[PDB]
């Protein structure tokens, strides 16, 4: 029979699904502010269709962000999400009021303690292996309170093909066993096995089913690696020009 709410539960990626930076839009086109930079100034935008879409979705369903952003960067997202969030590539769950989920934090600490020294070492080596190769990079360890989660690397060349080079080398040098990778645009991330959007979405659904039983689940994402959590949904969706959609277009023809 029916229990709890029967409205859809919608897991949404953030960057390049709901909004994007100025450099990824055509100059001069209408837009509204979706994110702020660390200096408090706008740095991510929605075009009019994007704003209409997320407003409709927020009003029509229970919308849960599923994002690589850490808690601080998620707090600079200026959208009125009301149901909590999954942050830091699945390393963090936030309650609706923004407080940290202590249970998941405990489970994550368990999965990631074997990695706590390797992650700073791997970021150091990558940034050095990058200068060695000759690129002007940057990178850091994403961490949430002491617990270190994953490694991210970006380039300042305006050439995202730089990151594919490095990824090819670190793979050869075998610095990535027991881990998985995310590469989209100017972002290359190295993630421990037990850190994934999929695992957090899996847990979110387990908790939801105790309250609301089986209700429609929809997943929205733009990256190929978003297919991990999207495959847990009844239906999944992608923007027409996303990394994922472009890959699908090449597969059919």
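Positions refer to the first chain, counted from 1.
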Of 93-101 and 171-179, the one with larger mean CA B-factor: 171-179
Residue stretch of maximal mean CA temperature factor, 15-23 vs 231-239: 15-23
Given 142, 85, 71, 129, the residue at which the Cα B factor reaches its maximum: 129
B-factor third for the C-alpha atom of residue 39 within its chain: middle
Third assignment of residue 186 from its chain's C-alpha B-factors: highest
Third assignment of residue 51 from its chain's C-alpha B-factors: lowest
Record-listed C-alpha B factor of residue 113: chain third: highest
Chain-relative CA temperature factor third for residue 198: lowest
